[PDB]
Amino acid sequence: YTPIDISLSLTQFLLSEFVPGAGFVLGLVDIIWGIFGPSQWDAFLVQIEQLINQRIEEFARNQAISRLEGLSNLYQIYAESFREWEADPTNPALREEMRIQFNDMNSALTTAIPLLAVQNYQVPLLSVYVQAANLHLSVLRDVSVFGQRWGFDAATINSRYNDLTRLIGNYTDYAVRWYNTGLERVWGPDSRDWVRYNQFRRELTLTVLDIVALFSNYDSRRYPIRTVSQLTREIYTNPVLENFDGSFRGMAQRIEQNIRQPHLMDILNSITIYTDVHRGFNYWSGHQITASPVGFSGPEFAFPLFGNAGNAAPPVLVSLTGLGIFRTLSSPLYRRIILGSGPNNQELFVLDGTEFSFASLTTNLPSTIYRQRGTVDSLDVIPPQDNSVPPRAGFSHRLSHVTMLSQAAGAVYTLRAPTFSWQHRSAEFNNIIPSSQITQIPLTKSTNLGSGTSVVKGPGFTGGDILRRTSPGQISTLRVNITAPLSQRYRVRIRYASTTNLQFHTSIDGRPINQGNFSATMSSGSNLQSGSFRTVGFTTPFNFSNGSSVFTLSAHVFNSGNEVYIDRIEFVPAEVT
């Protein structure tokens, strides 16, 4: 198991078991920290060193691995003490131990951390910094909750919660600043650079950004109970270009521009693939996709045809079944040639096959084969989050969209390189609001946008993209399914940024429900950082009248020309005060 396999399972844990307790505490031991030896840490460092091409200087490299082993042994002491204390929480002995162990844990973290942010080696240390920072917020969150019951005085507990608050933000900002710096250091003009650039973005989303997005949930006073997030960002693969022995000069810009722009989240319904021929070689020449709005709250639309519809063989219909497409086994075809080219005998850089497999927890589903299988497996770059069940059940992402990159007009060869888009399994097909948890629903999971609302690129720490609007109006509208008894009262919070004070109004099924004044959070022309956002609630609770409702959100009472950014809304049970 690699840094990518560990990280994916950690993310699964953090998305399903985010509640203060022993289980959380021991959870972090079984997944990451219950390890002995540099081995895993050296593996975490190598994974990024060999990507940005920067091996950390020896001394610093060893010192960093050493602190990691130190934090590992100590947390193992801490976790055991906590397990015992929670069992006999009154035993003054156990309660003094926890205060002893806590302090040591905390001070070790405060010291190890800067050594994981060594000058000039900030980028390759990055996944190891994120793992420590995650541990730290976790322990600060620990006193903040059980400090009194351990015997701490309200004054220290209050200072710890203040540290937890300052750091949740400091850590978030550091990770995003360095991720963005390596990412640009890796960019280049030719296609070889794009493959490296995209690979950095891909792996660092899986091992850094996906963790950072959950840092906000450590704020114990804001998320007292089980809170549940959803990651809506997309990661990409391009079989034809990632497996090519060479490099098409100056093609990077083209490749990026081909990636679908910020948009509301949609569910893939089908792909109809078209086959052409050249020199006795059939290949995937073009295709057409059809997708539905989240929750299928709208009708199935279709995108224009990507590529060209060839006649060489009849169209193949790939239609969604099960929990989606969790695997693609691609077959790239590189027909190279020793020059002499009138427009006729040409080089081919395309795919002549791909097997699509459908996810399921119950049964083994029949895949849909387009011509033949291949050896380029998606699982090798986007692995299961759970390796104790077949990949069909432990899959971490599901296919969302397939573009089609082609050769520039005037290029003398045939390039048919489709970029595949992958969606995190957490972004559920439906928006479900149950009881006994603070359900988070990002606004990209909206059924539709209001006039003038834009889906803008996320800042890096929100787990996906965010909506924006510069004048009073309706933001968006979303279908919601309540599994909790309708008797349940809820309250809504809105994580947002705004250069102005304004009102947010909500309405369920046309009926006005909440309204309130929210204030500004940033100066005009400031660049978004964790501080720019605020998560504010409405005081008045409400009930849902029906199982499936249409929730609408709008902003008012402000001059146009101001930027308003809205990330997500949270449905908090009324009993949580």
# chains A, B, ... in the order shown; residues from 1 in each chain; ligands from 1
>>> residues_around(residues="residue 498 (chain A)", least_positions_apart="3", cutoff="9 Å", atoms="only C-alpha atoms", output="list in words")
residues 501, 502, 519, 520, 521, 522, 523, 524, 532, 533, 562, 563, 564, 565 and 566 of chain A
>>> closest_residue(among="A:431, A:199, A:375, A:156", to="residue 187 (chain A)", atoms="only C-alpha atoms")
A:199
>>> atom_distance(atom1="CA of residue 170 (chain A)", atom2="CA of residue 21 (chain A)")
24.6 Å
>>> atom_distance(atom1="CA of residue 144 (chain A)", atom2="CA of residue 101 (chain A)")
15.1 Å
>>> closest_atom_pairs(of="region 70-174 of chain A", to="region 49-61 of chain A", cutoff="10 Å", atoms="only C-alpha atoms", output="Markdown table")
| residue | atom | partner | partner_atom | distance |
| --- | --- | --- | --- | --- |
| A:115 | CA | A:60 | CA | 7.8 |
| A:116 | CA | A:60 | CA | 8.8 |
| A:117 | CA | A:60 | CA | 10.0 |
| A:118 | CA | A:60 | CA | 7.4 |
| A:119 | CA | A:60 | CA | 9.8 |
| A:120 | CA | A:56 | CA | 8.7 |
| A:121 | CA | A:56 | CA | 6.1 |
| A:122 | CA | A:56 | CA | 9.2 |
| A:123 | CA | A:52 | CA | 8.2 |
| A:124 | CA | A:49 | CA | 5.3 |
| A:125 | CA | A:56 | CA | 8.0 |
>>> write_last_selection(atoms="N, CA and C atoms", output="PDB file, in the first residue's frame")
ATOM      1  N   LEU A 115       9.623  21.454  11.453  1.00  0.00           N
ATOM      2  CA  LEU A 115      10.677  20.661  10.825  1.00  0.00           C
ATOM      3  C   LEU A 115      10.164  19.937   9.591  1.00  0.00           C
ATOM      4  N   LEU A 116       8.860  20.041   9.358  1.00  0.00           N
ATOM      5  CA  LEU A 116       8.207  19.448   8.201  1.00  0.00           C
ATOM      6  C   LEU A 116       7.848  20.576   7.239  1.00  0.00           C
ATOM      7  N   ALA A 117       8.497  21.716   7.403  1.00  0.00           N
ATOM      8  CA  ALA A 117       8.240  22.872   6.584  1.00  0.00           C
ATOM      9  C   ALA A 117       9.563  23.566   6.386  1.00  0.00           C
ATOM     10  N   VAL A 118      10.625  22.768   6.317  1.00  0.00           N
ATOM     11  CA  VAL A 118      11.999  23.253   6.103  1.00  0.00           C
ATOM     12  C   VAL A 118      12.131  24.128   4.859  1.00  0.00           C
ATOM     13  N   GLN A 119      12.889  25.211   4.971  1.00  0.00           N
ATOM     14  CA  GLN A 119      13.108  26.142   3.869  1.00  0.00           C
ATOM     15  C   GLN A 119      13.638  25.420   2.640  1.00  0.00           C
ATOM     16  N   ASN A 120      13.022  25.713   1.494  1.00  0.00           N
ATOM     17  CA  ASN A 120      13.346  25.146   0.173  1.00  0.00           C
ATOM     18  C   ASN A 120      12.830  23.748  -0.067  1.00  0.00           C
ATOM     19  N   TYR A 121      12.376  23.069   0.975  1.00  0.00           N
ATOM     20  CA  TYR A 121      11.864  21.712   0.815  1.00  0.00           C
ATOM     21  C   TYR A 121      10.409  21.613   1.231  1.00  0.00           C
ATOM     22  N   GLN A 122       9.748  22.764   1.223  1.00  0.00           N
ATOM     23  CA  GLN A 122       8.354  22.830   1.616  1.00  0.00           C
ATOM     24  C   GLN A 122       7.447  21.930   0.791  1.00  0.00           C
ATOM     25  N   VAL A 123       7.648  21.892  -0.534  1.00  0.00           N
ATOM     26  CA  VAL A 123       6.762  21.078  -1.368  1.00  0.00           C
ATOM     27  C   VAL A 123       6.826  19.566  -1.157  1.00  0.00           C
ATOM     28  N   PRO A 124       8.017  18.926  -1.258  1.00  0.00           N
ATOM     29  CA  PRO A 124       8.098  17.459  -1.046  1.00  0.00           C
ATOM     30  C   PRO A 124       7.726  16.962   0.381  1.00  0.00           C
ATOM     31  N   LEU A 125       7.870  17.834   1.380  1.00  0.00           N
ATOM     32  CA  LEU A 125       7.497  17.492   2.751  1.00  0.00           C
ATOM     33  C   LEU A 125       5.984  17.604   2.949  1.00  0.00           C
TER      34      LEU A 125
END
>>> closest_atom_pairs(of="region 243-290 of chain A", to="region 336-355 of chain A", cutoff="10 Å", atoms="only C-alpha atoms", output="tab-separated table")
residue	atom	partner	partner_atom	distance
A:244	CA	A:349	CA	8.5
A:275	CA	A:352	CA	8.6
A:276	CA	A:352	CA	9.7
A:277	CA	A:352	CA	9.9
A:278	CA	A:345	CA	7.9
A:279	CA	A:345	CA	7.0
A:281	CA	A:352	CA	8.1
A:282	CA	A:352	CA	6.3
A:283	CA	A:352	CA	4.2
A:284	CA	A:352	CA	5.8
A:285	CA	A:350	CA	8.1
>>> write_last_selection(atoms="C-alpha atoms", output="PDB file, in the first residue's frame")
ATOM      1  CA  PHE A 244       3.004   7.796 -24.715  1.00  0.00           C
ATOM      2  CA  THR A 275     -15.456   3.861 -34.696  1.00  0.00           C
ATOM      3  CA  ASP A 276     -13.401   4.933 -37.680  1.00  0.00           C
ATOM      4  CA  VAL A 277     -10.462   3.229 -39.561  1.00  0.00           C
ATOM      5  CA  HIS A 278      -7.078   3.981 -41.003  1.00  0.00           C
ATOM      6  CA  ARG A 279      -4.543   1.566 -42.493  1.00  0.00           C
ATOM      7  CA  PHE A 281      -6.746   0.032 -37.707  1.00  0.00           C
ATOM      8  CA  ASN A 282     -10.131   0.762 -36.156  1.00  0.00           C
ATOM      9  CA  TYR A 283     -10.214   3.289 -33.333  1.00  0.00           C
ATOM     10  CA  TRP A 284     -12.441   5.423 -31.071  1.00  0.00           C
ATOM     11  CA  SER A 285     -12.954   8.533 -33.213  1.00  0.00           C
TER      12      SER A 285
END
>>> residues_around(residues="residue 70 (chain A)", least_positions_apart="6", cutoff="12 Å", atoms="only C-alpha atoms", output="PyMOL selection string")
chain A and resi 33-38+41+63-64+76-77+104-105+107-109+111-113+132
>>> closest_residue(among="A:1, A:146, A:178, A:85", to="residue 44 (chain A)", atoms="only C-alpha atoms")
A:1
>>> decode(residues="region 90-122 of chain A", atoms="N, CA, C and O atoms", output="PDB file, in the first residue's frame")
ATOM      1  N   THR A  90     -13.749   8.570  35.495  1.00  0.00           N
ATOM      2  CA  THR A  90     -13.791   9.175  36.819  1.00  0.00           C
ATOM      3  C   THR A  90     -12.518   8.885  37.610  1.00  0.00           C
ATOM      4  O   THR A  90     -12.117   9.675  38.462  1.00  0.00           O
ATOM      5  N   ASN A  91     -11.865   7.772  37.267  1.00  0.00           N
ATOM      6  CA  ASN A  91     -10.628   7.338  37.896  1.00  0.00           C
ATOM      7  C   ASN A  91      -9.629   8.473  37.728  1.00  0.00           C
ATOM      8  O   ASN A  91      -9.066   8.667  36.650  1.00  0.00           O
ATOM      9  N   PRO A  92      -9.358   9.202  38.816  1.00  0.00           N
ATOM     10  CA  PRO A  92      -8.446  10.349  38.901  1.00  0.00           C
ATOM     11  C   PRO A  92      -7.076  10.069  38.347  1.00  0.00           C
ATOM     12  O   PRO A  92      -6.374  10.982  37.916  1.00  0.00           O
ATOM     13  N   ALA A  93      -6.690   8.801  38.387  1.00  0.00           N
ATOM     14  CA  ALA A  93      -5.397   8.380  37.871  1.00  0.00           C
ATOM     15  C   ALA A  93      -5.438   8.524  36.349  1.00  0.00           C
ATOM     16  O   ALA A  93      -4.644   9.267  35.751  1.00  0.00           O
ATOM     17  N   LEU A  94      -6.414   7.858  35.740  1.00  0.00           N
ATOM     18  CA  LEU A  94      -6.584   7.898  34.306  1.00  0.00           C
ATOM     19  C   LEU A  94      -6.747   9.341  33.864  1.00  0.00           C
ATOM     20  O   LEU A  94      -6.150   9.763  32.867  1.00  0.00           O
ATOM     21  N   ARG A  95      -7.468  10.129  34.651  1.00  0.00           N
ATOM     22  CA  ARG A  95      -7.662  11.527  34.292  1.00  0.00           C
ATOM     23  C   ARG A  95      -6.395  12.364  34.370  1.00  0.00           C
ATOM     24  O   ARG A  95      -6.280  13.387  33.690  1.00  0.00           O
ATOM     25  N   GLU A  96      -5.442  11.963  35.200  1.00  0.00           N
ATOM     26  CA  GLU A  96      -4.204  12.732  35.292  1.00  0.00           C
ATOM     27  C   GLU A  96      -3.249  12.275  34.196  1.00  0.00           C
ATOM     28  O   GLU A  96      -2.444  13.059  33.673  1.00  0.00           O
ATOM     29  N   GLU A  97      -3.336  10.994  33.854  1.00  0.00           N
ATOM     30  CA  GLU A  97      -2.507  10.456  32.797  1.00  0.00           C
ATOM     31  C   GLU A  97      -2.824  11.232  31.535  1.00  0.00           C
ATOM     32  O   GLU A  97      -1.947  11.895  30.987  1.00  0.00           O
ATOM     33  N   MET A  98      -4.095  11.239  31.138  1.00  0.00           N
ATOM     34  CA  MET A  98      -4.522  11.970  29.943  1.00  0.00           C
ATOM     35  C   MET A  98      -4.008  13.399  29.875  1.00  0.00           C
ATOM     36  O   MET A  98      -3.632  13.855  28.793  1.00  0.00           O
ATOM     37  N   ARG A  99      -3.959  14.101  31.010  1.00  0.00           N
ATOM     38  CA  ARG A  99      -3.456  15.478  31.018  1.00  0.00           C
ATOM     39  C   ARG A  99      -1.944  15.464  30.820  1.00  0.00           C
ATOM     40  O   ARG A  99      -1.361  16.435  30.317  1.00  0.00           O
ATOM     41  N   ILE A 100      -1.304  14.386  31.279  1.00  0.00           N
ATOM     42  CA  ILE A 100       0.151  14.212  31.136  1.00  0.00           C
ATOM     43  C   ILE A 100       0.464  13.925  29.669  1.00  0.00           C
ATOM     44  O   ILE A 100       1.271  14.632  29.041  1.00  0.00           O
ATOM     45  N   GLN A 101      -0.160  12.869  29.143  1.00  0.00           N
ATOM     46  CA  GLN A 101       0.027  12.480  27.755  1.00  0.00           C
ATOM     47  C   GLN A 101      -0.382  13.576  26.779  1.00  0.00           C
ATOM     48  O   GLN A 101       0.351  13.863  25.836  1.00  0.00           O
ATOM     49  N   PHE A 102      -1.520  14.219  27.019  1.00  0.00           N
ATOM     50  CA  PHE A 102      -1.960  15.286  26.141  1.00  0.00           C
ATOM     51  C   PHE A 102      -0.876  16.337  25.968  1.00  0.00           C
ATOM     52  O   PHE A 102      -0.487  16.653  24.849  1.00  0.00           O
ATOM     53  N   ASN A 103      -0.386  16.878  27.074  1.00  0.00           N
ATOM     54  CA  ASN A 103       0.627  17.915  27.010  1.00  0.00           C
ATOM     55  C   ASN A 103       1.829  17.554  26.175  1.00  0.00           C
ATOM     56  O   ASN A 103       2.306  18.371  25.388  1.00  0.00           O
ATOM     57  N   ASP A 104       2.341  16.347  26.388  1.00  0.00           N
ATOM     58  CA  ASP A 104       3.498  15.849  25.655  1.00  0.00           C
ATOM     59  C   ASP A 104       3.178  15.770  24.152  1.00  0.00           C
ATOM     60  O   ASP A 104       3.960  16.232  23.314  1.00  0.00           O
ATOM     61  N   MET A 105       1.996  15.239  23.845  1.00  0.00           N
ATOM     62  CA  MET A 105       1.521  15.078  22.470  1.00  0.00           C
ATOM     63  C   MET A 105       1.479  16.435  21.830  1.00  0.00           C
ATOM     64  O   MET A 105       2.114  16.683  20.812  1.00  0.00           O
ATOM     65  N   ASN A 106       0.841  17.362  22.514  1.00  0.00           N
ATOM     66  CA  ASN A 106       0.727  18.692  21.984  1.00  0.00           C
ATOM     67  C   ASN A 106       2.059  19.367  21.741  1.00  0.00           C
ATOM     68  O   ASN A 106       2.270  19.958  20.687  1.00  0.00           O
ATOM     69  N   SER A 107       2.960  19.307  22.710  1.00  0.00           N
ATOM     70  CA  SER A 107       4.263  19.949  22.549  1.00  0.00           C
ATOM     71  C   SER A 107       5.155  19.276  21.505  1.00  0.00           C
ATOM     72  O   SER A 107       5.998  19.935  20.895  1.00  0.00           O
ATOM     73  N   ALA A 108       4.978  17.968  21.313  1.00  0.00           N
ATOM     74  CA  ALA A 108       5.759  17.245  20.305  1.00  0.00           C
ATOM     75  C   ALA A 108       5.325  17.769  18.921  1.00  0.00           C
ATOM     76  O   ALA A 108       6.176  18.052  18.068  1.00  0.00           O
ATOM     77  N   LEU A 109       4.005  17.949  18.741  1.00  0.00           N
ATOM     78  CA  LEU A 109       3.425  18.447  17.495  1.00  0.00           C
ATOM     79  C   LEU A 109       3.831  19.861  17.212  1.00  0.00           C
ATOM     80  O   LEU A 109       4.124  20.220  16.079  1.00  0.00           O
ATOM     81  N   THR A 110       3.899  20.672  18.249  1.00  0.00           N
ATOM     82  CA  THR A 110       4.271  22.059  18.056  1.00  0.00           C
ATOM     83  C   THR A 110       5.713  22.215  17.610  1.00  0.00           C
ATOM     84  O   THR A 110       6.078  23.211  16.987  1.00  0.00           O
ATOM     85  N   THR A 111       6.515  21.196  17.890  1.00  0.00           N
ATOM     86  CA  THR A 111       7.947  21.173  17.575  1.00  0.00           C
ATOM     87  C   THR A 111       8.313  20.442  16.280  1.00  0.00           C
ATOM     88  O   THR A 111       9.224  20.837  15.548  1.00  0.00           O
ATOM     89  N   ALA A 112       7.645  19.324  16.053  1.00  0.00           N
ATOM     90  CA  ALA A 112       7.868  18.530  14.870  1.00  0.00           C
ATOM     91  C   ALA A 112       7.456  19.339  13.644  1.00  0.00           C
ATOM     92  O   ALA A 112       8.253  19.511  12.723  1.00  0.00           O
ATOM     93  N   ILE A 113       6.254  19.915  13.680  1.00  0.00           N
ATOM     94  CA  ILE A 113       5.731  20.674  12.550  1.00  0.00           C
ATOM     95  C   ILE A 113       6.659  21.609  11.771  1.00  0.00           C
ATOM     96  O   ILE A 113       6.782  21.474  10.554  1.00  0.00           O
ATOM     97  N   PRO A 114       7.284  22.590  12.421  1.00  0.00           N
ATOM     98  CA  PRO A 114       8.157  23.421  11.594  1.00  0.00           C
ATOM     99  C   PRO A 114       9.255  22.609  10.902  1.00  0.00           C
ATOM    100  O   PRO A 114       9.757  23.016   9.868  1.00  0.00           O
ATOM    101  N   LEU A 115       9.623  21.454  11.453  1.00  0.00           N
ATOM    102  CA  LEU A 115      10.677  20.661  10.825  1.00  0.00           C
ATOM    103  C   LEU A 115      10.164  19.937   9.591  1.00  0.00           C
ATOM    104  O   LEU A 115      10.929  19.295   8.884  1.00  0.00           O
ATOM    105  N   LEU A 116       8.860  20.041   9.358  1.00  0.00           N
ATOM    106  CA  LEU A 116       8.207  19.448   8.201  1.00  0.00           C
ATOM    107  C   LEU A 116       7.848  20.576   7.239  1.00  0.00           C
ATOM    108  O   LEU A 116       7.030  20.405   6.356  1.00  0.00           O
ATOM    109  N   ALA A 117       8.497  21.716   7.403  1.00  0.00           N
ATOM    110  CA  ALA A 117       8.240  22.872   6.584  1.00  0.00           C
ATOM    111  C   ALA A 117       9.563  23.566   6.386  1.00  0.00           C
ATOM    112  O   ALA A 117       9.624  24.798   6.333  1.00  0.00           O
ATOM    113  N   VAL A 118      10.625  22.768   6.317  1.00  0.00           N
ATOM    114  CA  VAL A 118      11.999  23.253   6.103  1.00  0.00           C
ATOM    115  C   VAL A 118      12.131  24.128   4.859  1.00  0.00           C
ATOM    116  O   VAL A 118      11.620  23.783   3.799  1.00  0.00           O
ATOM    117  N   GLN A 119      12.889  25.211   4.971  1.00  0.00           N
ATOM    118  CA  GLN A 119      13.108  26.142   3.869  1.00  0.00           C
ATOM    119  C   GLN A 119      13.638  25.420   2.640  1.00  0.00           C
ATOM    120  O   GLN A 119      14.588  24.633   2.738  1.00  0.00           O
ATOM    121  N   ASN A 120      13.022  25.713   1.494  1.00  0.00           N
ATOM    122  CA  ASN A 120      13.346  25.146   0.173  1.00  0.00           C
ATOM    123  C   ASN A 120      12.830  23.748  -0.067  1.00  0.00           C
ATOM    124  O   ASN A 120      12.831  23.287  -1.197  1.00  0.00           O
ATOM    125  N   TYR A 121      12.376  23.069   0.975  1.00  0.00           N
ATOM    126  CA  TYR A 121      11.864  21.712   0.815  1.00  0.00           C
ATOM    127  C   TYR A 121      10.409  21.613   1.231  1.00  0.00           C
ATOM    128  O   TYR A 121       9.872  20.516   1.472  1.00  0.00           O
ATOM    129  N   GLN A 122       9.748  22.764   1.223  1.00  0.00           N
ATOM    130  CA  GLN A 122       8.354  22.830   1.616  1.00  0.00           C
ATOM    131  C   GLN A 122       7.447  21.930   0.791  1.00  0.00           C
ATOM    132  O   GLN A 122       6.573  21.259   1.355  1.00  0.00           O
TER     133      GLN A 122
END
